[PDB]
Each structure stands twice: as structure tokens, then as C-alpha cells.
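In what follows, chains are A, B, ... by sequence order, proteins preceding strands, each numbered from 1. We use all heavy atoms of the structure for the numbers below, so side chains are in, but hydrogens, waters and symmetry mates are not.
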Amino acid sequence: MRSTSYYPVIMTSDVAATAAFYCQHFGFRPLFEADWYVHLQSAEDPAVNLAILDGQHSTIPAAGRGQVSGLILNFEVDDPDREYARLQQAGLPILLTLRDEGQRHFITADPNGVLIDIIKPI
Amino acid sequence: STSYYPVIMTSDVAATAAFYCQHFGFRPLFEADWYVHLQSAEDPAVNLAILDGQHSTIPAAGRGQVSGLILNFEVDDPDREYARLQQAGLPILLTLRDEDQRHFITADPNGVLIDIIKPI
């Protein structure tokens with residue numbers, strides 16, 4: 001019931017541009033914003049959180065420092081068709097066009113190359 | 001109870017799934033040899049999927065191996081979790097500490113950091 005009991009933190013060298021991207025296109029707003037760390041939370045569901053971290057910050061154990069890769073963020077939505085139309089027209093990269101699979105979905109990506117899979121259960 | 005969750009790419013789906021099921025209370029909701037969807041037994045809202053990072057279903061420019069990721073879990077008793085995990089042989093990247101809110105950091109066999117945190 002704590003909204004923040006589980007969430008991912010992605011490492012990037014462009015914290016502010018990454019945060020702005022999720023706020024502009026994916027319904028997030030900032031709960032904490034600094035140059036090295038931003039915690040975002042979905043406006044419509046406080047249980048959906050994403051934190052964005054400078055991947056060389058000294059507070060990350062040295063062995064884990066780096067840059068995000070090999071990651072997909074899955075979001076379930078009621079109308080992936082409408083979301084595709086909005087995002088494609090906003091100029092986001094389309095990595096996989098809409099298709100039926102029990103999911104109808106499409107795949108885009110953030111400026112770090114994190115894949116974003118927008119899915120309706122079918 | 002799967003509206004938002006991460007999917008981590010790995011070269012070893014089976015070992016990565018075993019690690020979370022052995023040490024973090026996950027169980028498979030569904031699976032194939034190239035894809036395992038894990039869900040916490042005790043909190044069904046917590047989900048983590050594990051994907052063969054070279055699978056044909058992934059767009060080519062998205063193929064890869066997970067890096068640059070931390071998973072944050074809030075728990076009641078990070079001290080007890082540290083004792084169990086350290087004794088189980090997991091890597092300890094940050095020992096227990098109180099931040100200026102009590103936590104420690106371990107990692108999965110891909111190098112995903114796992115920050116186990118007790119709230120104020």
C-alpha cells in the first residue's frame with residue numbers, strides 16, 4: 001500500500017532530458033528533482049514510479065556504475081492504438097508497430113534506448 | 001496486477017529466474033524457455049520479467065544485455081535480509097547504512113543492483 005515499495009532506477013548521463021521525456025509523453029510528474037537524481041511518479045497511479053540517476057554518481061557502488069541498456073518498461077493501457085497515434089505523431093521512435101500477439105501492443109523507446117512496450121491484454 | 005513492470009534482458013534466462021525465485025520471493029506467473037514473467041507471491045503487485053536479450057521477438061536495435069539498472073525494494077527489516085543474503089553468498093555492494101533511509105545493496109548475476117530499503 002506504500003506507493004513506492006518497488007520501482008526501477010535507470011542510469012543515464014542525461015538526467016534532466018530523460019526526466020522531461022517521461023513527463024512529456026508518459027504521464028509522469030516529478031516528486032524529487034536534482035541534477036543527479038529525479039524520482040518520477042505517474043499522475044494517475046502513484047504505484048507507478050521511475051527514478052532516473054546519473055550513472056557515475058559516487059553514491060552508486062563503483063561496480064554498478066554505468067549506463068542503462070537491455071531493459072524494457074512494460075505499461076498496460078486500455079487503448080494502445082490511440083497511444084501509438086499520439087506518440088508516433090510526436091516523433092518518438094517506433095521499434096515495433098501495433099500487432100496482436102494475448103497482448104495487442106507496440107514498442108517505442110526513450111532517448112537512452114530503453115524500450116517501452118505499450119500493451120493491452122487481449 | 002501487472003500494469004507496470006520492468007523486463008530485463010539476459011544471456012541466461014534460467015539462472016536469472018532461479019536467482020529471483022531463490023532469494024527474493026518470486027514465483028513464475030508464466031514462462032517459456034526464452035521468457036519468464038515473475039511475480040512476488042507475497043505481494044502480487046511486484047513483477048519482474050526476464051527475457052533472452054537476443055530473442056527474435058526483440059527489435060534488432062533493442063537487443064542487448066541489462067546494465068545501468070537498480071531495482072528498489074522497500075522492506076521492514078533490511079538487517080535480517082542482509083544476514084540471509086550475505087550468508088547465501090550474494091555480492092554485497094553496499095553494506096547496511098543509515099542515510100541522512102536504512103538500506104544495503106546487492107546484485108543479480110547480470111549485475112542488476114538491488115537496493116533493499118527501510119522507509120523513514
Side-chain angles (χ1 to χ4, degrees), chain A residues 6-12 22 26 48-51 55 64 66-77 80 84 92-122, chain B residues 1-41 44-73 106-114:
Chain A
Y6 170 60
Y7 55 93
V9 185
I10 54 173
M11 294 182 202
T12 178
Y22 284 99
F26 294 98
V48 170
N49 297 271
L50 176 64
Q67 173 71 32
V68 66
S69 195
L71 175 67
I72 315 179
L73 297 172
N74 280 19
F75 295 90
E76 294 177 353
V77 308
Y84 165 78
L92 271 68
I94 303 301
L95 286 73
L96 191 76
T97 47
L98 285 157
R99 58 197 59 190
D100 287 352
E101 303 276 3
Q103 66 193 8
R104 174 165 183 87
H105 72 133
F106 73 98
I107 297 92
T108 185
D110 89 350
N112 306 291
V114 174
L115 297 195
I116 298 171
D117 196 347
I118 301 300
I119 297 154
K120 177 183 178 78
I122 63 180
Chain B
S1 63
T2 58
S3 72
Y4 167 65
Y5 55 90
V7 186
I8 63 175
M9 296 183 200
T10 178
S11 56
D12 193 342
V13 171
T16 296
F19 173 86
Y20 288 100
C21 294
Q22 288 283 17
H23 301 299
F24 291 98
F26 285 93
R27 53 162 326 270
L29 194 64
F30 56 91
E31 55 188 301
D33 65 6
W34 58 277
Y35 189 92
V36 177
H37 183 103
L38 299 180
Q39 187 178 94
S40 168
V46 174
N47 293 275
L48 176 64
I50 297 155
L51 167 64
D52 164 11
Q54 296 299 313
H55 203 257
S56 63
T57 62
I58 305 166
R63 286 176 192 152
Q65 171 72 23
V66 66
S67 193
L69 178 67
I70 315 181
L71 299 176
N72 281 17
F73 295 93
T106 185
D108 92 346
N110 304 289
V112 176
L113 268 50
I114 298 168

Closest heavy-atom pair and its distance - B:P6, B:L71
CG-CD2, 4.1 Å
Nearest-0.5 Å distance, CG of residue B:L51 to CG of residue A:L71:
10.5 Å
Tell me if the aromatic rings of B:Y4 and A:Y7 count as close, with their centers under 6.0 Å from one another.
no
Students often mix this up, so state it plainly: with edges at 30° and 60°, are the rings of B:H37 and B:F30 parallel, tilted or perpendicular?
parallel
Does the B:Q65 side chain pair with the main chain of B:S11, one donor and one acceptor, at a distance under 3.5 Å?
yes
Roughly how far, to the nearest 0.5 Å, is the OH atom of B:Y20 from the CD1 atom of B:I8?
4.0 Å
How long is the gap from CD1 on B:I50 to CG on B:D12, to the nearest 0.5 Å?
10.0 Å
Rounded to the nearest 0.5 Å, what's the gap from OG1 on B:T57 to CG on A:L96? Could you check?
9.0 Å
If you compare all heavy atoms of A:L115 against all heavy atoms of B:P59, which two are closest, and at what distance to 0.1 Å?
CD1-CD, 4.3 Å
Is it true that a side-chain atom of A:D110 and a backbone atom of A:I116 form a donor plus acceptor pair closer than 3.5 Å?
no
Give a yes or no on whether the backbone of A:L98 and the side-chain of A:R104 come within a donor-acceptor separation of less than 3.5 Å.
no
In short, B:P28 meets B:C21 closest at the heavy-atom pair CD-SG, 4.3 Å
Could you go step by step and tell me if A:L50 and A:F26 meet the side-chain contact (heavy atoms from CB on, under 4.5 Å) rule?
CA-CA 11 Å; A:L50 176 64; A:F26 294 98; over 6 Å; no
Reported CG-to-NE2 distance for the pair A:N74 and A:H105, which is rounded to 0.5 angstrom:
9.0 Å
Going by atom types alone, do B:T16 and B:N110 pair a side-chain donor with an acceptor below 3.5 Å?
yes
Can you name the closest pair of heavy atoms from A:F106 and A:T97 and give their distance?
CB-C, 4.0 Å
Quick check: closest heavy atoms across B:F26 and B:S40, and the distance to 0.1 Å?
CD2-N, 3.6 Å
OG of B:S1 to CD of A:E76, rounded to nearest 0.5 Å, is 9.0 Å
Look only at the side chain of A:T108 and the backbone of A:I94, and say whether a donor-acceptor pair between them is shorter than 3.5 Å.
no
Nearest non-hydrogen partners of B:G68 and A:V68, listed with the distance
O-CB, 3.6 Å
Criterion side-chain contact (heavy atoms from CB on, under 4.5 Å) on A:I122 and A:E101, from CA distance to verdict
CA-CA 8 Å; A:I122 63 180; A:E101 303 276 3; over 6 Å; no
State, yes or no, whether a side-chain contact exists between B:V13 and B:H55 at a heavy-atom distance under 4.5 Å.
no
